[PDB]
Amino acid sequence: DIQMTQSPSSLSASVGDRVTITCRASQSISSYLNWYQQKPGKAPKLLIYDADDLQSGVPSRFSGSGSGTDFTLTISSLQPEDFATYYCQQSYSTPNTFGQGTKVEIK
């Protein structure tokens, strides 16, 4: 089992702001780290995989960084469609496990 710790739990930002979210894995997962976005009532959608491989058709304002145990998701310039809960998920080991999520909330 691998435990994923996300920080912060929630944050406040306005449209246009840059936001950073962190994810720590309990042991190394090299670059097998995925970022998901979830809107309330809806399923999680994959934004980044392989730690920093932005999925085709996902906007460039989303970027991932990190390798090993420490990962970051940066949203460089928030659009209103970006307010959501973001999860990291390790895909190194089964069961794949999610962080607790960070809610990015409108200010």
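Residues numbered from 1 in each chain as written, not as in the entry; some residues may be left out. Heavy atoms only, no water. Residues with missing side-chain atoms left out of burial classes, pairs and counts.

Student: I tried to follow the overall build of the chain on my own but got confused; where do I start?
Tutor: Within the chain, the regular secondary structure consists of 0 helices and 11 strands. Written out in order from the N terminus, the α and β elements of the chain read β-β-β-β-β-β-β-β-β-β-β. Relative to the 2.2 N^0.38 estimate, which gives 13 Å for 107 residues, the radius of gyration of the chain is 13 Å and therefore close to what a compact globule would have. Counting only C-alpha atoms, the chain reaches 35 × 25 × 25 Å along its principal axes. Here the analysis covers contacts within the chain between residues at least 6 apart in sequence; of these, 56% occur between residues at least 24 apart. (Helix = DSSP H or I, 4+ residues; strand = E, 2+ residues; numbered from the N terminus. Rg over C-alpha atoms; globule rule 2.2 N^0.38 Å. Contact = heavy atoms within 4.5 Å.)

Student: Help me understand the sheet that holds strand β7 (residues 62-67) in this model?
Tutor: Sheets are built from strands that pair by backbone hydrogen bonding, the pairs being arranged parallel or antiparallel. Across the sheet, 4 strands lie side by side as β1-β3-β8-β7; this open sheet has antiparallel pairing. In this open sheet, the two strands that pair with only one neighbour each are β1 (4-7) and β7. Strand-to-strand, the axes of this sheet are offset by a mean angle of 15°, without reference to chain direction. (Pairing = 2+ DSSP bridges. Axes fitted to C-alpha atoms, helices over the stretch in contact; angles between N-to-C directions.)

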